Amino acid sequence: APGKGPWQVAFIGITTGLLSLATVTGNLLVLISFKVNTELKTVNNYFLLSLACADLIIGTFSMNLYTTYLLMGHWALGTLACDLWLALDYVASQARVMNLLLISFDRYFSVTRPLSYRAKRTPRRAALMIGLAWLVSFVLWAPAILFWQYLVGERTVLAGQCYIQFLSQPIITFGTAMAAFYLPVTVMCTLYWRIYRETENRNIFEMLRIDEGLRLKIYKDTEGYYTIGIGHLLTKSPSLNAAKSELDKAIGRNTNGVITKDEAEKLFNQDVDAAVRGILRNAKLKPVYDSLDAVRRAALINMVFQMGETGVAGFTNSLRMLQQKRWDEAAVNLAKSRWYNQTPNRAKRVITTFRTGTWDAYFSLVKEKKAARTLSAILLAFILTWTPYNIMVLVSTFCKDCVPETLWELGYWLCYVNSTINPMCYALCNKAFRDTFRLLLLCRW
């Protein structure tokens, strides 16, 4: 009986060798360019290096053997080659998602703990993070795929086929999709959602850090009152013994006048939440805060942080103009204030923040928007090439047979295409990979 195949397998068969070469060369570039160029050696790129190691295994072994198996309709490479192909594919795929978790958390801790987390964010501890991620990926899948047949005492996988023996039950394949894909994707989406809202708070931290200063030990402020951290007044009493006790009240620890990096962040979060909460209870500040954008709400939070809720509410004409979206006209009124004349340059920075609507008076944020776009690209490329297969294994568990065989082969295959486009995202996102790739391919190193 002649077998009339669909055009999809013809599509998969022809392009696989071509995509395999594109995957290995593109991922060898990130590897070698990381060794040639010492400037690419940033903690963010060290994680990308581990993704490329997983993408290299897929492009060398997983992708090619899949298509031979697909095109022959059976596994003619023996029983040991089957176990190794399955192990390498699942361990590399698990290392991918385990890494993507690390990248997600790293951004999360960098933004929610700007002073604490980055203080210990060294290329050495990131190696331990990458090493452990590849270690757990190995221990989960490798001894099970290779030795489950020895555990149960029998090899039940069909003689001419190749698949994991202990996933040879439909409900188990559902659970693996939920645990290995849907659980990691949901936590990455929630981390990605929180990062969007927390970067506003991260910028306020750096905004107030240069205005209010940062000291881990008690000091007298510009008015002579004892202060610690980011503009946190401890007491107005002349005795510093009260200042030490007040610090022991906010921080449940015998401080003896000194706090840690973690403790400083906690005081800042308490003070900025009290500031925005003071804004919300005020009827004059309620409409203006809601109407403004993230950058200008930060400047309003700055003024409230400095003076107080009732101090900033007095600028009725200026508030009436900020709610009315008249920035240049409100900038000249706040210069008329006694607040403007008392602080030398903080007022002018806050003014330029309202009228320009940018952070230019404080910092550029051109390097960090770039890295955030690099993050958004690698996650979105992961979603668009992995959810198709996963929404198929989902409906396959409930619906008896309504997802065609051609779609399974495409969805299973599309997961491999992720490894091919990660280097493309790197050169498109990071303009240092882009240039370092050009000198390697043109032999200009």
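For every residue, the number given is its place in the sequence shown, counted from 1.
- Query: Looking only at CA atoms, which has the higher mean B factor in the entry: 302-310 or 319-327?
  - Reply: Comparing 302-310 with 319-327, the higher mean C-alpha B-factor belongs to 319-327.
- Task: Could you settle it for me: does 95-103 or 342-350 have the higher average Cα B factor in the PDB entry?
- Result: According to the entry, 342-350 carries the higher average C-alpha B-factor.
- Per the PDB entry, which option out of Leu240, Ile145, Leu158, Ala371 has the greatest Cα B factor? Among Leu240, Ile145, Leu158, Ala371, the highest C-alpha B-factor in the entry belongs to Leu240.
- Task: Please pick out which of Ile259, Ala133, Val187, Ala179 has the largest Cα B-factor as recorded in the entry.
- Result: Most elevated C-alpha B-factor of the set, per the entry: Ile259.
- Message: Quick check for you: using the entry's CA B-factors within this chain, is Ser33 in the lowest, middle or highest third?
- Response: For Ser33, whose C-alpha B-factor we compare with every modelled residue in the chain, the answer is the middle third.
- Message: By the recorded C-alpha temperature factor, relative to the other modelled residues in its chain, which third is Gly278 in?
- Response: It falls in the middle third of the chain.
- Message: Quick check for you: using the entry's CA B-factors within this chain, is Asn430 in the lowest, middle or highest third?
- Response: Highest third.
- Third of chain Cα B-factors occupied by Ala335: According to the entry, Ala335 has a C-alpha B-factor in the chain's highest third.
- By the record's CA B-factor, is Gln270 among the lowest, middle or highest third of residues in the chain? CA B-factor rank for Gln270: middle third.
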